[PDB]
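Below: one structure, written as structure tokens.
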Amino acid sequence: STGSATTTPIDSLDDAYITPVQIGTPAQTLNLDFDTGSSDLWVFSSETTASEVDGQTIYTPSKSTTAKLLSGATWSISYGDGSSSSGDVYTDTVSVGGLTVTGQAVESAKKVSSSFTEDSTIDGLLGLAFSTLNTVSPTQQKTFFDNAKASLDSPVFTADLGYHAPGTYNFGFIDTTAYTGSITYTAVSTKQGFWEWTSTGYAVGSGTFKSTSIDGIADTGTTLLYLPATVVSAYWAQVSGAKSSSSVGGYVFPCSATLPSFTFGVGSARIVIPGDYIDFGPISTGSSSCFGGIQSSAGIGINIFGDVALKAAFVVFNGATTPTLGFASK
């Protein structure tokens, strides 16, 4: 089997992407944030504290003839941005782009933190990291991909995120029309439960390529590109007036600037992030200070190849017995 679903930016900055997901019988369609950096499929629901729901579409398991309470199971998750959610668990039928999994753990939120409430466009998350990170207790549950894998034509999914435009998540096949050149594959460590890999270096603008190993994660659920302070300083030094602002929480730059591109290495291959992808607009409405899309990972504890990086590529998440990651230009 295969599946193919369009993923759409939630706003004009590509702060996140939502993909429609069918849950239950009859189908209830929720728009979920597909997150290769976590491993829980959780939704706003009829059980979510009412004051914490503001515009989201909810899953109502009592209206699904295939929903079953997973007795005694609870979940609780905290994300790198400080947000969190928790609740109980149902199993139900879940379909993405025509690909159907029966008995998928659907984690129903009883509580969500303010940033979730405040984002009316995201109805929940669909985790696509390794199932070892799933938070369900006392019986850990599998991701949608893990459950689908055996049925797929090939044990892969691909992320093709758009810049200020829709893109695609495919399951079970590689669309050879969706990228240019060849796909370069690179080793993955699953030791931390992430799609963790080592970039071979970087260049700023038309500058020379610096060969250096940068371990990080391919994370569709993180907006920006978080890299070591040395790398980030080298990038922003090429933008007149750019500076790190403790009050804003990262590098800012004059909105009048034209940003240089940023290249990262995948083996001997190179992915080029155009300068415009690195512009996240005014820090506050009407400001002439703009927020940068490349930020330091210092104090995160891990480098993160988030959407800024991934959207410059066609990315293969190869879930074969020994997982790997593939990157192509597009």
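Residue numbering for chain A follows Swiss-Prot; the residues present correspond to positions 90-419, in that order.
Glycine is no exception: its Cβ is also placed from the backbone N, Cα and C atoms.
Features as listed in Swiss-Prot:
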- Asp124: active site (ACT_SITE)
- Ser288: active site (ACT_SITE)
- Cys344-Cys379: disulfide bond (DISULFID)
- 106-417: domain 'Peptidase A1' (DOMAIN)
Number of Cβ atoms other than its own within 10 Å, given for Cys379 (disulfide bond): 22
Using Cα positions only, nearest of the recorded positions to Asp124 (active site) (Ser288, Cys344, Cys379): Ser288
Length of the line joining the Cα atoms of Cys379 (disulfide bond) and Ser288 (active site), in Å: 27
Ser288 (active site): tally of other CB atoms within 10 A of its CB: 22
Which same-chain residues, if any, lie at least 6 apart from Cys344 (disulfide bond) yet have Cβ under 8 Å of it: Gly370, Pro371, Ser376, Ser377, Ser378, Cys379
Other CB atoms within 10 A, centred on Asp124 (active site): 21
